[PDB]
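The residues making up each chain are set out below.
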Amino acid sequence: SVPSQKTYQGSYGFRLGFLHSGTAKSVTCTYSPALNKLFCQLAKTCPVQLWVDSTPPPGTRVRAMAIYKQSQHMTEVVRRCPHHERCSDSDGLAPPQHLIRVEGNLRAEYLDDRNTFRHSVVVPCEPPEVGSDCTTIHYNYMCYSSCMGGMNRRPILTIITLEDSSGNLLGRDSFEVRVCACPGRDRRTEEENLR
Ligand SMILES: Oc1c(Br)cc(Cl)cc1CN1CCC(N2CCC(O)CC2)CC1
Ligand SMILES: [Zn+2]
């Protein structure tokens, strides 16, 4: 099966936000609103903001999952390639097979779905730090889009879902991801192609 990617703000007015990091050749993570697409280097910090209109209940969680964007591939599980799944770069919590990690959150949980076999990482939904208006999760993507035997140049989407303590849907958002050597250059290129 294919998880839904339908944008759904739900009762709490849930949606994502991204920083404005620009497109300098040195940039390591940058988001394109025109493409709804995040461009990042391998295993680098990707700040993703969580915005809500009202506070969700205690026990609310935030799950991240990757799927292939193209329908002929949508049904295939997104996972790390045969090289990276064996390079012993574990953080002690993430299974070596998982493409998406949450950085610096000891309460992160990693799921191998016993039915779909799809991977996800989920964390408690926390309130913003005092003085802030949103909450930020830091993600890492642990393979290149180009990795052979893995994503193999196929575009993926990340689906972020807001869930209750049972795992029921409260909210959903999504964005395309390209993990590449030069995010700044590739964003500039793909935005120019769109134009
Ligand atoms: O922002 C989060 C996040 Br993200 C996660 C969690 Cl668990 C809790 C909060 C607390 N927020 C809730 C929404 C509050 N504003 C009410 C007025 C409206 O005009 C703007 C939104 C601000 C405080
Ligand atoms: Zn790889």
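Within each chain the numbering goes from 1 in written sequence order, not necessarily matching the entry, and residues lacking coordinates are not shown. Each chain takes a letter, starting from A, and each ligand takes a number, starting from 1, following the order in which they are written. Values reported for side chains reflect all heavy atoms of the structure, with hydrogen atoms and water molecules removed beforehand.

Its PDB header names X-ray crystallography as the technique used to obtain the model and reports a resolution of 1.620 Å.

(A) Structural detail: the coordination of the zinc ion (ligand 2). Because no water is among the atoms considered, metal sites can look incomplete, with donors defined as N, O and S atoms within 2.8 Å of the metal, or 3.2 Å for Na, K and Ca. Here the zinc ion (ligand 2) is held by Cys 81 (SG), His 84 (ND1), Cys 143 (SG) and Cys 147 (SG), and the distances to it run 2.0 to 2.3 Å. Taken in sequence order, the residues that donate to the zinc ion (ligand 2) follow the motif C-x2-H-x58-C-x3-C. One end of the pair, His 84, is in the loop between α1 (71-74) and β6 (100-102); the other, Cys 147, is in the loop between β9 (135-141) and β10 (156-163), with 63 residues separating them in the sequence. Each member of the pair, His 84 as well as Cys 147, is classed as buried. Here a helix means four or more residues in a row that DSSP labels H or I, a strand means two or more in a row labelled E, and each is numbered from the N terminus. Think of it in three bands: with a 1.4 Å probe and only protein chains considered, a residue is buried below 20% of the maximum accessible area for its type, exposed above 50%, and partly exposed in between.

(B) Broad picture of the pairing of strand β8 (residues 119-124). Taking burial as the measure, the six residues of β8 include five buried ones, the bulk of the element. The rule for pairing is simple: two strands pair if DSSP sees at least two bridges between them. Bridging between strand β5 (residues 61-68) and β8 involves four bridges; their strand directions are antiparallel. Among the inter-strand pairings, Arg 61 is bridged to a residue of β8, identified as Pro 124. As paired strands, strand β7 (residues 109-112) and β8 are joined by four bridges and run antiparallel to one another. Paired with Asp 112 across the two strands is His 119, which belongs to β8. Linking two consecutive strands that pair antiparallel, namely β7 and β8, is a turn of six residues; a positive phi of about 65° is found at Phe 117 within it.

(C) Inspection of the nonpolar core at higher detail. Note on terminology: a nonpolar core comprises buried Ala, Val, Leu, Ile, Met, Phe, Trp, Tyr and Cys residues joined through side-chain atoms within 4.5 Å. Residues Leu 38, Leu 99, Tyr 139, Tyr 141 and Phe 175 are the most contacted members of the largest nonpolar core, which totals 37 residues. Whether two residues are in contact is decided by their heavy atoms, any of which lying within 4.5 Å being enough. Contacts of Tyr 141, omitting those with residues within four sequence positions, involve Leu 38, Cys 40, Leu 42, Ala 43, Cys 46, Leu 99, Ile 100, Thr 158, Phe 175, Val 177 and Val 179.

(D) Structural detail: the UniProt feature "binding site: Zn(2+)" in the protein. Here the UniProt-annotated "binding site: Zn(2+)" positions come out as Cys 81, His 84, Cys 143 and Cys 147. In summary, the annotated positions, though distributed over 67 residues, converge in three dimensions, the widest C-alpha pair being only 8.8 Å. Mapped onto the elements, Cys 81 comes out in the loop between α1 and β6. Judged by relative accessible area, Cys 81 falls into the buried class, the value being 3%. Among all residues touching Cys 81, those that are not within four sequence positions of it are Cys 143, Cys 147, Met 148, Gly 149 and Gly 150. Within the secondary structure, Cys 143 sits in the loop between β9 and β10. What makes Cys 143 buried here is its relative accessible area of 0%. UniProt positions are given in the numbering used here, feature names are shortened, and annotations may be inferred rather than shown by experiment.

(E) Geometry of helix α2 (residues 183-194). A helix is expected to reach a length of 1.5 Å times the quantity of its residues less one. Look at α2: 16 Å from first C-alpha to last across 12 residues, which is about the 16 Å you get at 1.5 Å a residue. Along α2, the residues that are buried comprise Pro 183, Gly 184, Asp 186 and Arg 187. In a view along the axis of α2, the buried residues occupy a sector of 165°, so they form one face of it. Regarding the arc, it is the one traced by the directions from the helix axis to the C-beta atoms.

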